[PDB]
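Have a look at the structure below before the remarks.
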Amino acid sequence: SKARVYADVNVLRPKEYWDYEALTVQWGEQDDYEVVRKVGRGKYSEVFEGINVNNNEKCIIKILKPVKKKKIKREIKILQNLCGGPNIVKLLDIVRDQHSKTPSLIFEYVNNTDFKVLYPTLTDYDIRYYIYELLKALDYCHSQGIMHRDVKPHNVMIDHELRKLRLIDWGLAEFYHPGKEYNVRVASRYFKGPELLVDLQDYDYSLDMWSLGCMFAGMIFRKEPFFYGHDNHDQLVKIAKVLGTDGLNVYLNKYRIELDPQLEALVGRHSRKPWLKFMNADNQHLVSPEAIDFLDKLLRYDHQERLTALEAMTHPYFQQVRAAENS
Ligand SMILES: Nc1ncnc2c1ncn2[C@@H]1O[C@H](COP(=O)(O)OP(=O)(O)NP(=O)(O)O)[C@@H](O)[C@H]1O
Ligand SMILES: [Mg+2]
Ligand SMILES: [Mg+2]
C-alpha cells in the first residue's frame, strides 16, 4: 500500500527536512514564560496556560515528561516544518530547566471550549465550518509529508468566539515515506482506523481521514465517541457492527491480511447498517444527505478509497462555507 497523494514529498526533499533524529534544538530562555494554571495533560506531558513575561500575552507551556529523546526531536521538527500552515498550532519557543533539563514547548494560546460542552451547542453550519477548517490543516500537513496520527477532539482547539481552529498535538505525528511499516500503536482508541486494528503497518495520510470521519460522525449523530470499544479488538468489533463484515473481508483479502482467529471470532458476521439508523430526535437537524454522503466516503475500511483532505474540502457538503470564504 502507498499513498495516492503527496507520496514523494520527503523523497524529493532534502534529508534534513525529515531527518528529525539529527535536529539541533536552539534553546530559549526558560524564565520568559510563567505557568499560570494547568489546562491539560497526557501520559507524556503537563500543559499549562502561561504568560510571556516579556510582552504579557497568554501562551501555552507543554512540559514534557522523560521519554526517548527521539520522540521529542520528532514533535519539534514537525512543528517547525508546519509552523505557518493554515490552522497549524504555532510553536513559539523551546526551553529547558537548567537543573533537570526538562524540556518545555511554548505555543500560542487558543481560548478553547472543551468539546464535550462545545460540540452539542454547535449549529449545523458551524460543524461544516469547523470540519472545513480542520481539513485545511490536514491537507496542509499531508502536502508537507507528515501524518498527524492523533486526530481527535482534544487535539482540536477551537476559540468559538473568534471562530478560530488550531490542530494541536503533533507528538504522535510522523514523516510519510513510501513503503514504511509504522507502529500501529497510534491515535486514540475511538479514532484508530481499521488498518491499525488489523495490523496493516504500511498506512499513510488516509489514517487521519478515518479519524476525521469518526469525529464528524460523533458531531452529526450527537454520539461521542461514535465507535465506543473498550480495547483494540472490541474497537474493530464496533467498526464491523456498523460497516458490515462483507466489506471487511473484501478489505482483508485485498491487502492479504488474516486476522487473529480470536479477533476473527469476536468480529463475527454483521450486516452493514445504513447511516440513517443513527438518526434521531436530537440529531436530525444535522444528518442530511450531504453529511451522510460525505461521512460515507470517509469511513471506509480501505484507506485507499477514503477521500483525501483536498477532495474532502470540495465536497458539496461544504459549499456554503466555501462561498462565505470567497465573498
Ligand atoms: N495551544 C493550546 N491552547 C489551548 N489548550 C491547549 C493547547 N495546547 C494544548 N492544550 C490542552 O492540552 C491538552 C493536552 O496537550 P496535547 O498537546 O494534546 O497533548 P499530549 O500531552 O502530547 N497528549 P495526548 O493527546 O494524550 O497525546 C489538549 O487536549 C488541550 O486541552
Ligand atoms: Mg493531545
Ligand atoms: Mg499527544
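Throughout, chain A uses Swiss-Prot numbering, with the displayed residues spanning 2-328 in order.
Structure method, as recorded: X-ray crystallography, 2.2 Å.
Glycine is treated like the rest: Cβ placed from N, Cα and C.
Residues or ranges marked as active site, proton acceptor by Swiss-Prot: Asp151. In this structure, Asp151 (active site, proton acceptor) belongs to neither helix nor strand by DSSP; it is coil.
The ATP binding site annotation in Swiss-Prot covers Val40, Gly41, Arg42, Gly43, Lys44, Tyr45, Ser46, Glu47, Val48, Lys63. In the three-state DSSP scheme, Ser46 (ATP binding site) falls into the strand class.
Look at Swiss-Prot and you will find 34-319 tagged as domain 'Protein kinase', backed by sequence analysis.
Around the Cβ of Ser46 (ATP binding site), the number of neighbouring Cβ atoms within 10 Å comes to 20.
Neighbour density for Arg42 (ATP binding site): within 10 A of its CB lie 13 other CB atoms from the protein chains shown. Put simply, the two farthest-apart Cα atoms among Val40, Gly41, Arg42, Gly43, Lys44, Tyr45, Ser46, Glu47, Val48, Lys63, the recorded binders of ATP, are 14 Å from each other. Neighbour count (other Cβ atoms within 10 Å of the Cβ, all protein chains): 6 for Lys44 (ATP binding site). Taking all protein chains in view, 21 other C-beta atoms sit within 10 angstroms of the C-beta of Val48 (ATP binding site).
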